[PDB]
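Residues per chain, in single letters:
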Amino acid sequence: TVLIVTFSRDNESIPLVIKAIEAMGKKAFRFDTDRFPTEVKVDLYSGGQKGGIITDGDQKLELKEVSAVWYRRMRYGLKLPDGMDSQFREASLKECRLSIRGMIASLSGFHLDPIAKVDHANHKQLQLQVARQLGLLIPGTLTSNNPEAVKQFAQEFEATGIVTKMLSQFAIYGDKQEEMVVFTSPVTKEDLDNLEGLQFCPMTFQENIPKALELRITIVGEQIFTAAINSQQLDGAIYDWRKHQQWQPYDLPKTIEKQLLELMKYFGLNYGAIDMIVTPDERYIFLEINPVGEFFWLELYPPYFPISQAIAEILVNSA
Amino acid sequence: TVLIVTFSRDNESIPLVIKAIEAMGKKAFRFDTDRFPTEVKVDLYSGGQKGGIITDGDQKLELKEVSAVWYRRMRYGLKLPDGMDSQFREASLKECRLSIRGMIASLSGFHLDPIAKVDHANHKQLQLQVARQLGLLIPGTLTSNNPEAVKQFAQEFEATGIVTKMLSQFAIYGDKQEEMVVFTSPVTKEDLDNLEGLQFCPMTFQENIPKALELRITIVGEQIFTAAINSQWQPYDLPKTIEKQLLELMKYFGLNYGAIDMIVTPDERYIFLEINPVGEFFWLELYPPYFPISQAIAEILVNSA
Amino acid sequence: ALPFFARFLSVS
Amino acid sequence: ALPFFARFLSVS
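Residues numbered from 1 in each chain as written, not as in the entry; some residues may be left out. Chains lettered and ligands numbered in written order. Heavy atoms only, no water.

If you check the header, you'll see the entry was determined by X-ray crystallography and the resolution is listed as 2.665 Å.

Here it is, written out as structure tokens:
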């Protein structure tokens, strides 16, 4: 049985995979991590005890029958009541996370991907360094809490500019309503005069590389799905003084494909969402690999890639 | 240069390791994780440019000169002012953590221990499973949010009882700012009638094994320092079978340091409890049995292997 | 709305 | 008592 580690509000990727798994003659159990412990019962035995078992209403999954694990979405304990004490709620979340992580890490069979591999590939500074050691171009990157280094960094890349971004995912719910998020943003001359807040939280700054194309590369095992989109606000080839777009298939150079495969092999991954950009002079710059990045918007929308089939195959075929 | 990843309020283990490193003709930089970003400056470069530098007052460290890393204490940014907005503070703590973790993971040289190894050995359920696969006795354990499975677990071990414990480390601060902590605690029959709170947080229950001694085992490389106390620590000689099994457990997780807890029954049965990759050791060095552990850590940090 | 581990909180 | 990333908060 394929154990699918997700949450209740996950998107259409889950039913796409379970049906492709079910259509191959195998079965799959959906484990919504956010509905634990409030609704889902998990029993984890260590020793010569009874078998570990996950119970979700009528559904029941014995952990000895797990042949594969899809390490998809991890939202441990989100459905804990809001009216709970904040000290007990934060402590309960950390206990739930350690519990379910220990369950997954103890299960045998095929993992997509193992926790130790996803954890090790989540260091974005290590991603760029390993990609560069493999011969891939990476943008100039500085994570810093030091204004003098940041000023020096923005100055040497003044012609094209620099952006900033956070290494973490989070949101600030301010005032009375909305959620606020730090997207990758250009830093301005005015932002450079207000660098005093770096002593309370560092940021990651990157060389802003002008790009002709954005590449979205999804790898399943050794199968490479490459999609490109023209993001040029001013496209030179089409420019006309007298006078939409969508994602389309793209053929990577076999050298880039073999380098991305070595990147997957180094971290031990069999799934990965890789971001690259292509300059007008056809230089390929590696940006980021997300071991749990999305893929559904490349399958349900152009170029309608059949990734969910490839994932279900490697899950039920192991290797 | 040995990078030492600790924090400002960490105990007297750091200076002794430092002096032992310095007395061996090498250099050592102390990096207090809690004093970043408010005081310590870190600059992590990726790309064709540099690697990075850590600046702390007059002291600076070029990450190119890092020959080894002691992954000791990780209190990322706990010296943030408490007058800060709580939403911004927790977001800053999460950003500071990912920044320094990526710094450590990217560094080459000898790590004691690597992050990926420590994160993998942190699964206590995996510790008991691998210890059992190597031939070590482990107490019957149940992690659960299910009262029915817990009641059966307590009836199963009704003769000796069961204890409960939390997998996580935390502390609840009451109204008087007093510090509350969940130690390993017995489970009474009154507790078994109030299991409804398991739907809000699971717990880890274990067979209460009656014991004669409690063993504190500290391993540096392949050197084993065993202490025993009656439940004033004393030396203790493990059977070689137990020592080799613990060495195989460390080699599986890829650790060269570990704090291992065991108990011995009156009939001399050795039960494996836990391995903490960053567990303390100083109290076994400054107090009986005065194990020279800080010397063994400094020697493995300088001599690589 | 209390979790089960609240019953075992001691004083450090 | 603000950090530097506060100046880059958008909405979604």
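### Here's the deal with the side chain of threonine 1 of chain A
Note the cut-off: Every helix listed is a DSSP run of H or I at least four residues long, and every strand listed is a run of E at least two residues long, numbered separately from the N terminus. Should any heavy atoms of two residues lie within 4.5 Å, those residues are considered in contact.
Here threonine 1 of chain A lies in the segment before strand 1 (2–6). The residues contacting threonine 1 of chain A, other than those within four sequence positions of it, are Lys26, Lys27, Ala28, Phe29, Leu61, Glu65, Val66, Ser67 and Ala68 of chain A.

### Considering the interface of chain A and chain B
Reports often express the size of an interface as the amount of accessible area lost when the parts come together. Selection rule: Summed over both partners, buried area is the accessible surface (1.4 Å probe) that two parts give up on being assembled. Every case where a carboxyl oxygen of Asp or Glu lies within 4 Å of a side-chain nitrogen of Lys or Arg is listed as a salt bridge. We define a polar contact as two N or O atoms separated by no more than 3.5 Å, with the added condition that, inside protein, one atom must be a possible hydrogen donor and the other a possible acceptor, whereas residues neighbouring each other in sequence contribute only through side-chain atom pairs.
Taken together, the contacts link 68 residues of chain A with 69 residues of chain B. Roughly 5,500 Å² is buried in total at the junction of chain A and chain B, and carbon and sulfur atoms are behind 53% of that figure. Among the residues chain A hides against chain B, the three largest losses belong to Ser46, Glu95 and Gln125 of chain A. Together they make up 12% of the total. At the boundary of chain A with chain B, the tally comes to zero salt bridges. There are 32 residue pairs in polar contact connecting chain A and chain B. Only strand 3 (41–46), helix 2 (86–106), helix 3 (115–121), helix 4 (124–133), strand 8 (141–144), helix 5 (147–156) and strand 10 (172–173) of chain A provide two or more residues apiece to the side of chain A that touches chain B.

### Details of the domain arrangement of chain B
Residues and elements named next belong to chain B. Applicable threshold: For the domains described, the bounds stem from an automatic or database domain assignment. All amino acids are sorted into three groups, where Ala, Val, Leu, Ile, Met, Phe, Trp, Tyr, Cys and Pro are nonpolar, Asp, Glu, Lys and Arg are charged, and the leftover types, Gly among them, are polar.
For chain B, the assigned domains read domain 1 (1–113 + 281–305), domain 2 (114–138 + 210–280) and domain 3 (139–209). The centre of domain 1, based on its C-alpha atoms, is set 26 Å off from the matching centre of domain 2. Between domain 1 and domain 2, the residue contacts involve 25 residues of the former and 23 residues of the latter. Roughly 2,000 Å² of surface becomes buried between domain 1 and domain 2 when both sides are summed, with 68% attributable to carbon and sulfur atoms. Among the residues domain 1 hides against domain 2, the three largest losses belong to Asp113, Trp283 and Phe291. Together they make up 29% of the total. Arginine 72 is paired through a salt bridge with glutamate 280; the nearest N and O atoms lie 2.8 Å apart. Inspection of the region where domain 1 meets domain 2 yields six residue pairs in polar contact. Counting residues per element, the ones that place at least two in the side of domain 1 that touches domain 2 are helix 2 (86–106), strand 7 (110–112), helix 8 (283–286) and helix 9 (293–302). Tallying contributions element by element places helix 9 first for the side of domain 1 that touches domain 2, with four residues. Grouping the constituent residues of the side of domain 1 that touches domain 2 by class yields 17 nonpolar, three polar and five charged.

### Digging into the pattern of salt bridges
Put simply, the rule is: Each residue is assigned to one of three classes by its accessible area relative to the maximum for its type, calculated with a 1.4 Å probe on protein chains only: buried under 20%, partly exposed between the two thresholds, exposed over 50%.
Applying the stated criterion across every chain yields a total of 26 salt bridges over all chains. For the salt bridge of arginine 101 of chain A with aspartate 119 of chain A, the shortest nitrogen-to-oxygen distance reads 2.7 Å. Linking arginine 101 of chain A in helix 2 with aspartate 119 of chain A in helix 3, this pair joins segments that are 18 residues apart in sequence. The pair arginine 101 of chain A / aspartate 119 of chain A is uniform in exposure class, with both members buried. With a shortest N-O distance of 3.7 Å, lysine 211 of chain B and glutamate 214 of chain B are connected by a salt bridge. Under the relative-accessibility criterion, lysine 211 of chain B is labelled partly exposed at 40%. Connected via shared salt-bridge partners are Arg30, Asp32, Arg35, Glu39 and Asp56 of chain A.

### With respect to the packing of helix 4 of chain A against helix 2 of chain B
To keep it simple, the criterion reads: Comment: axis = line fitted to C-alpha atoms, over the contacting stretch for helices; angle = value between 0 and 180 degrees taken between N-to-C directions.
At a closest axis distance of 7 Å, the pairing of helix 4 of chain A and helix 2 of chain B adopts a crossing angle of 35 degrees. Of helix 2 of chain B, the residues touching helix 4 of chain A (which contributes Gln125, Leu126 and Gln129 of chain A) are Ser99, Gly102, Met103, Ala105 and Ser106 of chain B. Its residues assigned to classes, the contact of helix 4 of chain A with helix 2 of chain B shows three nonpolar, five polar and no charged.

### Focus: the sheet that holds strand 18 (residues 284–290) of chain A
Within a sheet, adjacent strands bond to each other through the backbone by hydrogen bonds, running parallel or antiparallel. Residue and element names in this part refer to chain A. For the record, the criterion: Pairing between strands is defined by DSSP: at least two bridges between the two strands are required.
The antiparallel open sheet is built from five strands, whose spatial order is 16-15-14-17-18. Only two strands of the sheet have a single partner each, and these edge strands are strand 16 (248–249) and strand 18. When strand 15 (residues 223–230) meets strand 16, the two strands line up antiparallel, connected through two bridges. Looking at the pairing, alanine 227 lines up with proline 249 of strand 16. Seen against the sheet, helix 8 (residues 307–317) touches strand 14 (213–220), strand 15 and strand 17 (271–278) and runs at an angle of roughly 30 degrees to strand 14.

### A few points about the packing of aromatic side chains
Formally: Centre distance within 6.5 Å is the pairing criterion for rings of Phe, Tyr and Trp, where only the six-membered ring of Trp is used; planes under 30 degrees apart are then read as stacked, over 60 as edge-to-face, and the remainder as tilted. The rule for a charge over a ring is simple: NZ of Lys or CZ of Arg within 6 Å of the ring centre, and within 35 degrees of the ring normal.
Evaluated as defined, the whole model comprises 21 aromatic pairs over all chains. Measuring from centroid to centroid gives 5.1 Å for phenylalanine 153 of chain B and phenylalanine 157 of chain B, while their planes differ by 65 degrees, and the two rings are edge-to-face. Pairing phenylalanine 4 of chain C with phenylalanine 8 of chain C gives two aromatic rings, centres 5.1 Å apart and planes at 70 degrees, and the pair type is edge-to-face. Just as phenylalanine 4 of chain C is buried, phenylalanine 8 of chain C falls in that class too. Following the ring pairs from residue to residue traces out a cluster consisting of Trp70, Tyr271 and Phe295 of chain A. The ring centre of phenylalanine 7 of chain B lies 4.8 Å from the NZ or CZ of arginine 75 of chain B, which sits over that ring.

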